[PDB]
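In the entry's author numbering, the protein residues as written are 1 to 507.
Every residue gets a Cβ at the ideal spot worked out from N, C-alpha and C, and that includes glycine.
In what follows, a structure is listed as C-alpha coordinates, so that the remarks can point back to it.
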Amino acid sequence: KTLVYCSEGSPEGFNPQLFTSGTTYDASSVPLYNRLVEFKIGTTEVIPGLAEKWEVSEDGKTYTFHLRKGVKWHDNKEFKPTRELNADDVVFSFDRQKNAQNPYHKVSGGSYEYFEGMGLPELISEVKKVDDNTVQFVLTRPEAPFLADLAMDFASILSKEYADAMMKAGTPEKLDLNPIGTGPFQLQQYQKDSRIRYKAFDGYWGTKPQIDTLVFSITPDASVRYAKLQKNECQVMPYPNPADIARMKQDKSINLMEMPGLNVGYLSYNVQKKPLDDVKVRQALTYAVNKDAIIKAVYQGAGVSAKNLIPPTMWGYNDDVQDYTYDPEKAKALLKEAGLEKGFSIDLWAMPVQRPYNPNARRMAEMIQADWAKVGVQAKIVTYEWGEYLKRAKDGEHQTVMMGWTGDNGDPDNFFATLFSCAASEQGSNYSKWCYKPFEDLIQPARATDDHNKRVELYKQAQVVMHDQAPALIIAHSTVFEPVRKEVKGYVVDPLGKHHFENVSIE
(Lines of atoms letter the chains of each structure in order from A and count residues from 1; the text may use other names and numbers.)
(Lines give C-alpha, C1' and ligand atoms only; values in the text may rest on other atoms or scores of the structure.)
Protein backbone atom coordinates (compact mmCIF):
# COMPACT_ATOMS: atom_id res chain seq x y z
CA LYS A 1 0.00 0.00 0.00
CA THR A 2 1.21 3.50 -0.95
CA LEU A 3 0.78 6.72 1.09
CA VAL A 4 1.52 10.19 -0.28
CA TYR A 5 2.43 13.15 1.92
CA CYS A 6 2.38 16.70 0.52
CA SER A 7 5.54 18.23 2.06
CA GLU A 8 5.97 21.99 2.49
CA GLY A 9 9.42 22.19 0.92
CA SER A 10 12.60 20.34 0.00
CA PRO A 11 14.88 18.64 2.52
CA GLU A 12 18.25 20.32 2.99
CA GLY A 13 20.00 16.96 2.85
CA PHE A 14 19.93 13.47 4.35
CA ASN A 15 22.16 13.57 7.44
CA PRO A 16 20.18 15.09 10.34
CA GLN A 17 23.40 15.98 12.14
CA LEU A 18 24.03 18.80 9.70
CA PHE A 19 20.65 20.53 9.69
CA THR A 20 17.99 22.10 11.87
CA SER A 21 14.74 22.41 9.94
CA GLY A 22 11.79 20.11 10.38
CA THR A 23 11.43 20.02 6.62
CA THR A 24 14.62 17.99 6.40
CA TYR A 25 14.01 15.95 9.57
CA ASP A 26 10.65 14.67 8.26
CA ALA A 27 12.49 13.37 5.20
CA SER A 28 15.71 12.24 6.81
CA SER A 29 15.88 11.41 10.50
CA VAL A 30 12.24 10.44 10.99
CA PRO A 31 11.87 7.94 8.15
CA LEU A 32 15.42 6.59 7.76
CA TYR A 33 17.26 6.60 11.14
CA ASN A 34 17.01 5.81 14.85
CA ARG A 35 18.46 7.08 18.12
CA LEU A 36 19.69 5.20 21.18
CA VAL A 37 16.46 6.24 22.88
CA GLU A 38 13.17 7.49 21.27
CA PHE A 39 9.93 9.33 22.04
CA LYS A 40 6.57 7.53 22.07
CA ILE A 41 4.76 9.06 19.09
CA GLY A 42 2.55 11.90 20.26
CA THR A 43 4.21 12.21 23.65
CA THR A 44 7.52 13.41 25.09
CA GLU A 45 8.20 10.14 26.89
CA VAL A 46 11.49 8.30 26.30
CA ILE A 47 11.18 4.72 25.07
CA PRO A 48 14.11 2.41 24.30
CA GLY A 49 15.28 2.77 20.72
CA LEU A 50 18.52 1.35 19.41
CA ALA A 51 19.50 1.04 23.06
CA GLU A 52 17.58 -1.77 24.74
CA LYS A 53 18.26 -0.40 28.23
CA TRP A 54 20.52 2.05 30.03
CA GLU A 55 21.86 3.03 33.46
CA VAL A 56 22.87 6.38 34.92
CA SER A 57 25.63 6.68 37.51
CA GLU A 58 24.88 8.02 40.99
CA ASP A 59 26.91 11.15 40.21
CA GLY A 60 24.81 11.49 37.08
CA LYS A 61 27.89 11.90 34.94
CA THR A 62 27.98 8.47 33.24
CA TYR A 63 25.29 7.12 30.95
CA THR A 64 25.66 3.48 29.96
CA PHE A 65 23.66 2.20 26.99
CA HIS A 66 23.13 -1.43 26.06
CA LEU A 67 22.62 -1.72 22.32
CA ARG A 68 20.02 -4.27 21.24
CA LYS A 69 21.12 -7.06 18.89
CA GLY A 70 19.97 -8.03 15.42
CA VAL A 71 19.53 -4.51 14.14
CA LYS A 72 19.97 -4.48 10.37
CA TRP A 73 21.14 -1.54 8.24
CA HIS A 74 19.70 -0.55 4.83
CA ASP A 75 21.31 -1.59 1.53
CA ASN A 76 22.30 0.84 -1.21
CA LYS A 77 23.37 0.28 -4.83
CA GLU A 78 26.91 1.12 -3.71
CA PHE A 79 26.75 -0.62 -0.33
CA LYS A 80 25.60 -3.77 1.45
CA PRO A 81 26.15 -4.22 5.23
CA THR A 82 28.15 -7.22 6.42
CA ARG A 83 27.52 -6.80 10.15
CA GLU A 84 24.68 -5.55 12.31
CA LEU A 85 24.57 -2.58 14.70
CA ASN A 86 27.43 -2.40 17.20
CA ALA A 87 29.05 0.10 19.59
CA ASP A 88 31.40 1.19 16.81
CA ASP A 89 28.50 2.84 15.00
CA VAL A 90 27.35 4.83 18.03
CA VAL A 91 30.86 5.97 18.89
CA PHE A 92 31.45 7.02 15.30
CA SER A 93 28.20 8.99 15.09
CA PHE A 94 29.14 11.09 18.09
CA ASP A 95 32.87 11.28 17.54
CA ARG A 96 32.33 12.69 14.06
CA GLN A 97 30.65 15.64 15.69
CA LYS A 98 32.87 16.13 18.71
CA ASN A 99 36.35 15.19 17.48
CA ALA A 100 37.94 17.57 15.00
CA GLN A 101 40.43 14.81 14.14
CA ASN A 102 37.80 12.38 12.83
CA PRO A 103 38.16 12.11 9.01
CA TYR A 104 34.45 12.79 8.60
CA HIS A 105 34.40 15.81 10.87
CA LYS A 106 34.91 18.31 8.06
CA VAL A 107 32.95 16.33 5.47
CA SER A 108 29.97 18.24 4.08
CA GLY A 109 31.08 21.45 5.75
CA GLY A 110 31.25 20.09 9.28
CA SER A 111 28.40 22.26 10.55
CA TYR A 112 27.21 20.29 13.56
CA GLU A 113 24.79 23.07 14.50
CA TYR A 114 22.78 21.34 17.25
CA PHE A 115 25.74 19.49 18.79
CA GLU A 116 27.78 22.67 19.02
CA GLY A 117 24.85 24.92 19.89
CA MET A 118 23.86 22.65 22.76
CA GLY A 119 27.39 22.90 24.09
CA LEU A 120 27.92 19.19 23.72
CA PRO A 121 31.67 19.43 22.98
CA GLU A 122 32.25 20.70 26.50
CA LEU A 123 29.59 18.52 28.13
CA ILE A 124 30.58 15.17 26.67
CA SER A 125 34.04 14.26 27.98
CA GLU A 126 34.25 10.94 26.16
CA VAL A 127 32.18 8.37 24.29
CA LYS A 128 33.56 5.01 25.48
CA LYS A 129 32.97 1.63 23.89
CA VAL A 130 32.73 -0.77 26.85
CA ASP A 131 32.07 -3.71 24.51
CA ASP A 132 30.48 -4.44 21.12
CA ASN A 133 26.99 -3.93 22.58
CA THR A 134 27.63 -1.38 25.31
CA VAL A 135 28.45 2.32 24.83
CA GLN A 136 29.27 4.77 27.59
CA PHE A 137 28.89 8.55 27.74
CA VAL A 138 31.02 10.28 30.35
CA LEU A 139 29.93 13.89 30.92
CA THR A 140 31.88 16.68 32.61
CA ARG A 141 28.85 17.49 34.78
CA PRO A 142 25.30 16.18 35.14
CA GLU A 143 22.87 17.34 32.40
CA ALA A 144 19.24 17.00 33.45
CA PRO A 145 17.80 16.71 29.92
CA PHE A 146 20.61 14.51 28.56
CA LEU A 147 18.55 11.35 28.17
CA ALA A 148 15.99 13.38 26.26
CA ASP A 149 18.73 15.07 24.24
CA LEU A 150 19.77 11.67 22.87
CA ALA A 151 16.30 11.01 21.47
CA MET A 152 16.61 14.08 19.22
CA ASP A 153 17.22 13.98 15.48
CA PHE A 154 20.86 15.06 15.60
CA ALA A 155 21.56 12.07 17.86
CA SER A 156 20.70 9.69 15.01
CA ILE A 157 23.13 6.82 14.62
CA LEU A 158 24.97 6.65 11.27
CA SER A 159 26.82 3.55 9.97
CA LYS A 160 30.54 3.31 10.75
CA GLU A 161 30.88 0.56 8.15
CA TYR A 162 29.24 2.55 5.34
CA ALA A 163 31.34 5.50 6.48
CA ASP A 164 34.50 3.44 6.07
CA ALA A 165 33.34 2.16 2.69
CA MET A 166 32.88 5.66 1.26
CA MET A 167 36.16 6.67 2.89
CA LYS A 168 38.06 4.01 0.92
CA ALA A 169 36.12 4.71 -2.27
CA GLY A 170 37.24 8.33 -1.93
CA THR A 171 33.69 9.67 -1.79
CA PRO A 172 32.79 10.35 1.89
CA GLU A 173 30.12 12.89 0.88
CA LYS A 174 27.91 9.99 -0.16
CA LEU A 175 27.49 9.08 3.51
CA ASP A 176 25.61 12.36 3.90
CA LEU A 177 23.93 12.30 0.52
CA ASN A 178 22.94 8.67 0.01
CA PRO A 179 21.53 7.66 3.44
CA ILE A 180 21.88 4.23 4.99
CA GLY A 181 20.14 3.98 8.34
CA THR A 182 18.35 1.41 10.51
CA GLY A 183 14.98 3.12 10.29
CA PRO A 184 11.59 1.73 9.18
CA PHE A 185 11.87 3.24 5.69
CA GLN A 186 14.67 3.41 3.15
CA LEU A 187 15.26 6.07 0.52
CA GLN A 188 14.57 4.64 -2.90
CA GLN A 189 14.66 7.72 -5.10
CA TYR A 190 14.94 11.48 -4.69
CA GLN A 191 14.05 13.98 -7.41
CA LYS A 192 15.24 17.44 -6.33
CA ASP A 193 12.44 19.78 -5.25
CA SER A 194 9.83 17.35 -6.59
CA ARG A 195 9.31 13.86 -5.12
CA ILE A 196 10.96 11.55 -2.62
CA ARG A 197 10.13 7.85 -2.65
CA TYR A 198 10.79 5.50 0.26
CA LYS A 199 10.21 1.75 0.52
CA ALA A 200 9.38 0.04 3.79
CA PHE A 201 12.45 -1.70 5.21
CA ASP A 202 11.89 -5.46 5.50
CA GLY A 203 14.77 -6.02 7.89
CA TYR A 204 13.60 -3.29 10.28
CA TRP A 205 14.25 -4.20 13.90
CA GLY A 206 10.85 -3.01 15.06
CA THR A 207 7.25 -3.19 13.84
CA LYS A 208 7.27 -2.96 10.05
CA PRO A 209 5.17 -0.09 8.64
CA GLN A 210 1.89 -1.11 7.03
CA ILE A 211 2.65 1.29 4.17
CA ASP A 212 4.63 -0.47 1.46
CA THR A 213 5.59 2.81 -0.24
CA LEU A 214 5.92 6.33 1.18
CA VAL A 215 6.03 9.28 -1.17
CA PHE A 216 6.69 12.93 -0.38
CA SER A 217 5.22 15.15 -3.07
CA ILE A 218 6.96 18.48 -2.46
CA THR A 219 4.12 20.98 -2.66
CA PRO A 220 5.21 24.39 -1.24
CA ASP A 221 1.86 26.11 -1.83
CA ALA A 222 -0.57 25.63 1.06
CA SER A 223 -3.60 26.20 -1.20
CA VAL A 224 -2.33 23.59 -3.64
CA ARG A 225 -1.66 21.13 -0.82
CA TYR A 226 -5.31 21.50 0.12
CA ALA A 227 -6.30 21.12 -3.51
CA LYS A 228 -4.40 17.84 -3.75
CA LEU A 229 -5.88 16.67 -0.44
CA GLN A 230 -9.41 17.01 -1.77
CA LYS A 231 -8.60 15.17 -4.97
CA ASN A 232 -6.97 12.53 -2.75
CA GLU A 233 -3.73 13.02 -4.65
CA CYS A 234 -2.26 13.45 -1.14
CA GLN A 235 -3.53 11.87 2.06
CA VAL A 236 -1.69 14.13 4.52
CA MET A 237 -0.41 17.70 4.35
CA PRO A 238 1.08 20.03 6.94
CA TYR A 239 0.59 23.68 7.83
CA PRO A 240 -2.85 24.37 6.36
CA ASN A 241 -3.64 27.92 5.31
CA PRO A 242 -5.53 29.54 8.24
CA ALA A 243 -8.32 30.78 5.94
CA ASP A 244 -8.87 27.19 4.80
CA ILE A 245 -9.39 25.85 8.35
CA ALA A 246 -13.11 26.65 8.19
CA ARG A 247 -13.65 24.65 5.02
CA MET A 248 -11.53 21.71 6.21
CA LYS A 249 -13.60 21.40 9.37
CA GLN A 250 -16.75 21.31 7.22
CA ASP A 251 -15.19 18.88 4.73
CA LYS A 252 -16.37 15.38 5.62
CA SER A 253 -13.64 13.59 3.67
CA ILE A 254 -11.05 15.49 5.72
CA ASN A 255 -10.31 14.77 9.34
CA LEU A 256 -8.84 18.06 10.51
CA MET A 257 -6.77 17.04 13.51
CA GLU A 258 -5.97 19.82 15.96
CA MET A 259 -3.77 20.14 19.05
CA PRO A 260 -2.21 23.09 20.93
CA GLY A 261 1.31 23.86 19.82
CA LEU A 262 4.71 23.75 21.47
CA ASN A 263 6.13 26.46 19.19
CA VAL A 264 7.15 30.11 18.89
CA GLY A 265 7.60 32.52 16.04
CA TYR A 266 9.85 35.56 16.38
CA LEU A 267 12.11 38.05 14.62
CA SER A 268 15.76 37.88 15.63
CA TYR A 269 17.69 41.11 15.87
CA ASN A 270 21.29 40.45 14.84
CA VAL A 271 22.68 41.96 18.02
CA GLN A 272 26.15 42.54 16.56
CA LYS A 273 25.09 44.49 13.52
CA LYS A 274 24.82 48.07 14.66
CA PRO A 275 22.58 49.87 15.54
CA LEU A 276 20.97 46.63 16.72
CA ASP A 277 23.64 46.38 19.40
CA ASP A 278 21.71 48.98 21.37
CA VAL A 279 18.99 47.69 23.69
CA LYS A 280 17.18 50.97 23.20
CA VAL A 281 17.05 50.36 19.44
CA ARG A 282 15.86 46.78 19.83
CA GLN A 283 13.13 47.92 22.20
CA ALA A 284 12.21 50.74 19.84
CA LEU A 285 11.79 48.34 16.94
CA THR A 286 9.62 46.17 19.15
CA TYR A 287 7.34 48.98 20.35
CA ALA A 288 6.93 50.20 16.79
CA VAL A 289 5.31 46.93 15.69
CA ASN A 290 1.55 46.53 16.04
CA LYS A 291 1.61 42.89 17.06
CA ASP A 292 -2.14 42.48 17.38
CA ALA A 293 -2.70 43.58 13.80
CA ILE A 294 -0.34 40.79 12.74
CA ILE A 295 -1.98 38.04 14.83
CA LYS A 296 -5.35 39.09 13.40
CA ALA A 297 -4.30 39.38 9.75
CA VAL A 298 -1.80 36.55 9.45
CA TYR A 299 -2.67 33.89 12.01
CA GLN A 300 -6.40 34.59 11.88
CA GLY A 301 -7.28 32.91 15.16
CA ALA A 302 -4.93 29.97 14.52
CA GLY A 303 -2.35 31.56 16.83
CA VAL A 304 -2.08 34.02 19.70
CA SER A 305 0.16 36.91 20.72
CA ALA A 306 3.32 35.65 22.42
CA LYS A 307 5.42 37.40 25.06
CA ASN A 308 7.78 34.64 26.14
CA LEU A 309 10.07 32.31 24.24
CA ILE A 310 8.33 29.40 25.94
CA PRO A 311 4.63 28.68 25.14
CA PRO A 312 2.05 28.46 28.00
CA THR A 313 1.98 24.71 27.40
CA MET A 314 5.58 24.53 28.72
CA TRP A 315 6.42 23.96 32.43
CA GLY A 316 8.41 27.17 33.06
CA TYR A 317 6.18 29.89 31.67
CA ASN A 318 6.54 33.08 33.68
CA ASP A 319 3.15 34.72 33.29
CA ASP A 320 4.21 37.72 35.39
CA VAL A 321 6.21 39.07 32.44
CA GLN A 322 4.36 41.93 30.76
CA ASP A 323 4.61 42.21 26.97
CA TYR A 324 5.69 45.36 25.17
CA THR A 325 2.84 47.48 23.89
CA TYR A 326 2.33 48.96 20.44
CA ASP A 327 3.52 52.49 21.11
CA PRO A 328 4.94 54.27 18.03
CA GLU A 329 5.56 57.38 20.11
CA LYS A 330 7.74 55.57 22.63
CA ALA A 331 9.55 54.02 19.68
CA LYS A 332 10.30 57.46 18.26
CA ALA A 333 11.45 58.61 21.71
CA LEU A 334 13.93 55.77 22.23
CA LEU A 335 15.23 56.24 18.71
CA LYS A 336 15.83 59.87 19.63
CA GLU A 337 17.66 58.95 22.83
CA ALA A 338 19.91 56.60 20.85
CA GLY A 339 20.79 59.40 18.45
CA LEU A 340 18.82 58.02 15.53
CA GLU A 341 16.06 60.65 15.07
CA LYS A 342 16.52 60.59 11.30
CA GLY A 343 16.14 56.81 11.28
CA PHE A 344 18.20 54.15 9.52
CA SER A 345 17.95 51.09 7.29
CA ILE A 346 17.93 47.35 7.92
CA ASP A 347 17.03 44.20 6.09
CA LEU A 348 14.22 41.91 7.10
CA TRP A 349 14.62 38.28 6.15
CA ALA A 350 11.49 36.20 5.67
CA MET A 351 11.39 32.55 4.62
CA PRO A 352 9.47 31.46 1.50
CA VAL A 353 7.94 28.35 3.09
CA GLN A 354 5.10 28.00 5.54
CA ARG A 355 6.19 27.08 9.03
CA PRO A 356 4.21 25.71 11.99
CA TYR A 357 4.88 28.99 13.79
CA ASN A 358 4.48 31.36 10.83
CA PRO A 359 1.68 30.77 8.26
CA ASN A 360 2.95 33.47 5.90
CA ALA A 361 6.22 35.19 6.80
CA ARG A 362 6.02 37.00 3.49
CA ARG A 363 2.94 38.99 4.40
CA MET A 364 4.08 39.39 7.98
CA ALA A 365 7.24 41.01 6.66
CA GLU A 366 5.30 43.61 4.71
CA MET A 367 3.32 44.58 7.78
CA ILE A 368 6.44 44.96 9.94
CA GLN A 369 8.06 46.90 7.14
CA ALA A 370 5.11 49.30 6.99
CA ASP A 371 5.06 49.69 10.75
CA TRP A 372 8.77 50.43 10.95
CA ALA A 373 8.48 52.93 8.12
CA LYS A 374 6.16 54.95 10.36
CA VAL A 375 9.02 55.63 12.77
CA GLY A 376 11.57 56.29 10.07
CA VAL A 377 13.21 52.90 9.75
CA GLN A 378 13.47 51.83 6.12
CA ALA A 379 13.38 48.05 5.82
CA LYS A 380 14.42 45.91 2.86
CA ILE A 381 12.64 42.55 2.89
CA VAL A 382 14.96 39.79 1.70
CA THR A 383 14.13 36.15 1.05
CA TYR A 384 16.27 33.25 -0.16
CA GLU A 385 15.26 29.61 -0.80
CA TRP A 386 14.47 27.87 2.53
CA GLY A 387 17.77 26.00 2.67
CA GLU A 388 20.01 28.88 1.66
CA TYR A 389 18.02 31.10 4.01
CA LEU A 390 19.04 29.01 6.99
CA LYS A 391 22.64 28.58 5.84
CA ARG A 392 23.22 32.31 5.56
CA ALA A 393 21.26 33.18 8.68
CA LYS A 394 23.64 30.97 10.63
CA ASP A 395 26.64 32.72 9.07
CA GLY A 396 25.20 36.00 10.31
CA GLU A 397 24.59 37.69 6.96
CA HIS A 398 21.31 39.20 8.14
CA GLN A 399 20.48 42.14 10.34
CA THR A 400 16.96 40.86 11.07
CA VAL A 401 15.44 37.38 10.46
CA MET A 402 12.06 35.72 10.73
CA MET A 403 12.52 32.57 12.76
CA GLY A 404 10.71 30.15 15.05
CA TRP A 405 10.91 26.86 16.89
CA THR A 406 9.03 23.71 17.86
CA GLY A 407 10.21 21.91 20.98
CA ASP A 408 12.40 18.90 20.34
CA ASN A 409 12.29 17.17 23.72
CA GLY A 410 9.73 19.01 25.83
CA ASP A 411 12.40 20.64 28.05
CA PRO A 412 12.82 24.43 28.50
CA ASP A 413 16.53 23.96 27.88
CA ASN A 414 15.82 23.10 24.26
CA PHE A 415 14.33 26.57 23.96
CA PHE A 416 16.39 29.01 26.03
CA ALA A 417 19.79 27.37 25.71
CA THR A 418 19.69 25.86 22.24
CA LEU A 419 18.36 29.16 20.88
CA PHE A 420 19.86 32.00 22.91
CA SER A 421 23.04 30.76 24.60
CA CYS A 422 26.56 31.97 23.89
CA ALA A 423 27.53 28.53 22.69
CA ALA A 424 24.61 28.82 20.32
CA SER A 425 25.61 32.33 19.20
CA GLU A 426 28.92 31.01 17.93
CA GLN A 427 28.06 27.80 16.06
CA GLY A 428 24.36 27.28 16.77
CA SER A 429 20.85 28.48 16.02
CA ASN A 430 21.14 31.69 18.03
CA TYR A 431 20.60 33.83 14.95
CA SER A 432 20.42 36.90 17.16
CA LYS A 433 24.11 36.32 17.96
CA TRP A 434 23.17 37.37 21.49
CA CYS A 435 25.44 36.29 24.34
CA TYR A 436 24.72 37.82 27.75
CA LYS A 437 26.26 36.78 31.09
CA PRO A 438 23.22 37.48 33.35
CA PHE A 439 21.27 35.13 31.11
CA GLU A 440 23.95 32.45 31.04
CA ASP A 441 24.03 32.62 34.84
CA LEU A 442 20.43 31.41 34.96
CA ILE A 443 20.24 29.10 31.96
CA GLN A 444 23.42 27.11 32.70
CA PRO A 445 22.78 26.14 36.34
CA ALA A 446 19.21 25.28 35.39
CA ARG A 447 20.66 22.47 33.27
CA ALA A 448 22.68 20.80 36.02
CA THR A 449 20.21 20.40 38.91
CA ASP A 450 17.77 17.53 39.27
CA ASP A 451 15.69 19.77 41.56
CA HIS A 452 12.82 20.49 39.18
CA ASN A 453 11.75 23.45 41.32
CA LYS A 454 15.07 25.28 41.11
CA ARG A 455 14.84 24.71 37.36
CA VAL A 456 11.41 26.35 37.32
CA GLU A 457 12.59 29.37 39.29
CA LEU A 458 15.63 29.78 37.06
CA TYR A 459 13.82 29.52 33.74
CA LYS A 460 11.23 31.99 35.01
CA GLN A 461 13.91 34.57 35.80
CA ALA A 462 15.42 33.92 32.37
CA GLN A 463 12.22 35.04 30.69
CA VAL A 464 12.50 38.35 32.51
CA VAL A 465 16.12 38.92 31.50
CA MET A 466 15.26 38.03 27.94
CA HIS A 467 12.33 40.42 27.97
CA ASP A 468 14.41 43.32 29.20
CA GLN A 469 17.18 42.67 26.73
CA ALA A 470 14.94 42.31 23.69
CA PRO A 471 17.25 40.05 21.70
CA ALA A 472 14.27 39.16 19.53
CA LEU A 473 10.75 40.29 18.80
CA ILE A 474 8.62 37.41 20.12
CA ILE A 475 5.58 37.26 17.86
CA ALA A 476 3.24 34.30 18.35
CA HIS A 477 2.49 30.77 19.45
CA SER A 478 0.48 28.81 16.92
CA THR A 479 -2.09 26.02 17.18
CA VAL A 480 -1.36 22.81 15.31
CA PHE A 481 -3.80 21.71 12.60
CA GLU A 482 -2.94 18.59 10.60
CA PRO A 483 -5.46 17.83 7.83
CA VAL A 484 -5.67 14.07 7.29
CA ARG A 485 -7.71 12.11 4.75
CA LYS A 486 -10.33 9.91 6.46
CA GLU A 487 -8.91 6.88 4.66
CA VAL A 488 -5.79 7.18 6.82
CA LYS A 489 -5.87 5.20 10.03
CA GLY A 490 -3.70 5.64 13.08
CA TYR A 491 -2.21 9.09 12.55
CA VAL A 492 -0.97 10.81 15.68
CA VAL A 493 -0.24 14.54 15.79
CA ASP A 494 3.28 14.87 17.19
CA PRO A 495 3.73 17.77 19.63
CA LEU A 496 7.40 17.72 18.71
CA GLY A 497 6.41 18.69 15.18
CA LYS A 498 7.32 15.54 13.25
CA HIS A 499 5.11 13.74 10.75
CA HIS A 500 5.33 10.00 11.51
CA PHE A 501 4.15 7.45 8.95
CA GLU A 502 5.41 4.12 10.34
CA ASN A 503 2.41 3.58 12.61
CA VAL A 504 -0.01 4.73 9.90
CA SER A 505 -2.13 2.50 7.66
CA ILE A 506 -4.20 3.72 4.73
CA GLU A 507 -6.62 1.23 3.17
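So, at 8 Å on beta carbons, what are the nonlocal neighbours of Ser10 in its own chain, with the 5 sequence-adjacent residues on each side left out? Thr23, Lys192, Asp193, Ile218, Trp386 and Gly387
Report buried or exposed for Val271, applying the criterion of at least 16 other Cβ atoms within 10 angstroms of its Cβ. buried
Name, in chain order, the residues that DSSP records as bridge partners for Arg68. None, per the DSSP bridge assignment.
Out of curiosity, what's the CA-to-CA distance linking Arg83 and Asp450? 39 Å
Under 8 Å by Cβ, that's how I've got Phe439 and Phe415 pegged, so tell me the actual separation to the nearest angstrom. Not a contact, Cβ separation roughly 13 Å.
One question on the structure: do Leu18 and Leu50 come within less than 8 Å of each other, judged by their Cβ atoms? no
From the DSSP output, read off the bridge partner residues of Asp347. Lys380
Rounded to whole angstroms, what's the CA-CA distance from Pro275 to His477? Just pull it up for me. 28 Å
State the Cα-Cα distance for the pair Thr479 and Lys336, rounded to the nearest angstrom. 38 Å
Is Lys160 closer than 8 Å to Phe92 when the C-beta atoms are compared? yes
Which listed residue (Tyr357, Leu32, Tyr299 and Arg141) has its alpha carbon closest to that of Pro209: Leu32
Check each candidate in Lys69, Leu496 and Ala379 and name the one with the smallest Cα separation from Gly203. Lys69
Is the beta carbon of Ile245 closer than 8 Å to that of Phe481? yes
Quick check on this structure: which residue in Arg225, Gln189 and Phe79 has the alpha carbon closest to the alpha carbon of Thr171? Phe79
In the DSSP output, which residue or residues are listed as bridge partners for residue 512? The requested residue 512 does not occur in the structure, where the chain is confined to residues 1 to 507.
Completely contained beta strand (DSSP E) runs for the segment 60-128, where each covers 3 or more residues: 62-67
Any contact of the segment 465-472 with the segment 237-253, i.e. 3+ C-beta pairs under 8 Å? no
Would you mind working out which of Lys342, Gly206 and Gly497 sits nearest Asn34, comparing C-alpha positions? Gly206
How would you write the range of the alpha helix (DSSP H) that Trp372 sits in, first residue to last? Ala361 to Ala373
Entirely within the segment 384-472 and at least 4 residues each: give me those alpha helix (DSSP H) ranges in chain order. 386-394, 413-420, 422-427, 437-443, 445-448 and 452-469
Three-state class that DSSP yields for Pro356 in the structure shown: coil
When the distance is taken between beta carbons, is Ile196 closer than 8 Å to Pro483? no
Using a Cβ distance threshold of 8 Å, determine whether the segment 125-142 contacts the segment 60-74, with at least three qualifying pairs required. yes
Could you check whether the segment 286-294 touches the segment 366-375, counting it as contact only if at least three pairs of C-beta atoms, one from each stretch, sit closer than 8 Å? yes
Measuring CB to CB, does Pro356 end up less than 8 Å from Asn430? no
Measuring straight from C-alpha to C-alpha, what distance separates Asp278 and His398? 16 Å
What are the start and end residues of the beta strand (DSSP E) that includes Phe146? Premise fails: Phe146 lies in the alpha helix (DSSP H), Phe146 to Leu150, not in any beta strand (DSSP E).
Alpha carbon to alpha carbon, how far is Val37 from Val492? 19 Å
Are the Cβ atoms of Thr418 and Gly110 separated by less than 8 Å? no
Measuring CA to CA, which of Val215, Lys342, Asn358 and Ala27 is closest to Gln300? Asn358
Considering Cα atoms alone, identify which of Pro240, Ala163, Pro16 and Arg282 is closest to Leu150. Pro16
Could you spell out where the beta strand (DSSP E) holding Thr2 opens and where it closes? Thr2 to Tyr5
Option in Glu507, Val4, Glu12 and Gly42 with minimal Cα separation from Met257: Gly42
According to DSSP, simplified to helix, strand and coil, what is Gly490? coil
Pair within 8 Å by beta-carbon distance, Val382 and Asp347: yes
Hey, which unbroken runs of the alpha helix (DSSP H) at 4 residues or more fall wholly within the segment 261-320? 279-287 and 291-294
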